[PDB]
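Written out below as C-alpha cells is the structure these notes cover.
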Amino acid sequence: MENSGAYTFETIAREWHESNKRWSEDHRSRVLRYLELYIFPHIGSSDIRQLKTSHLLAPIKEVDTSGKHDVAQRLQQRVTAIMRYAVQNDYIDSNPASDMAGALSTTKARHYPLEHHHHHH
C-alpha cells in the first residue's frame, strides 16, 4: 500500500468482510463509532499487534451483566475471528486469545464439522 497507514484492527475486519460473509454492512459505516467504543472500552489503548488473553473480556462482561449478554458474544466473535487471520498472516506470531469466552452455556455436538477448511474469494 503506497499510502502508509490504516494497518490497524479496523481495516483487518474489512479485509475478510469485503468477500461478503454477512449482511447489514451499509449500516456499519455509522455504527462503527458505537462499536469501536464498546468493543475496546478498557483495551482501546493497545495496538493490533499487542492483544492480550481473555483478561480483556472483563469489561465486556459488564454489558453481559445488564441482561444483554448475547451482544457480548456478537462482539467477541470479531476479535476471535480477526485474530485467527492475524495468526494466519503471522504478524502477531502468538495466539493471545486461544479460547476467548469458550463455551457460553449450552454446548452443542457439532457432528462432522465443516469449520476446518475454507477458501473462496
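Here the peptides 40-49, 74-83, 102-111 are ranked by packing, the mean other Cβ count within 10 Å, and the order with the highest first is 74-83, 40-49, 102-111. In loop segments of segment 7-98 as defined by DSSP, the GluC sites (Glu not before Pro) with at most 12 further C-beta atoms inside 10 Å of their C-beta are 18. Relative intensity of the chain on a log10 scale, I(q)/I(0) at q = 0.14, 0.20, 0.22 Å⁻¹, equals -0.71, -1.47, -1.66, per a Debye sum over C-alpha point scatterers of equal strength in the absence of solvent. The HN-Hα couplings worked out from phi for segment 9-14 by the Karplus form 6.51 cos²θ - 1.76 cosθ + 1.60 (θ = phi - 60°) are 4, 4, 6, 4, 5, 6 Hz, whole numbers, x standing for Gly and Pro.
All Cβ positions, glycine included, derive from the backbone under ideal geometry; neighbour counts span all protein chains shown. The numbers here are math on the coordinates, done by the rules we state, and not lab data.
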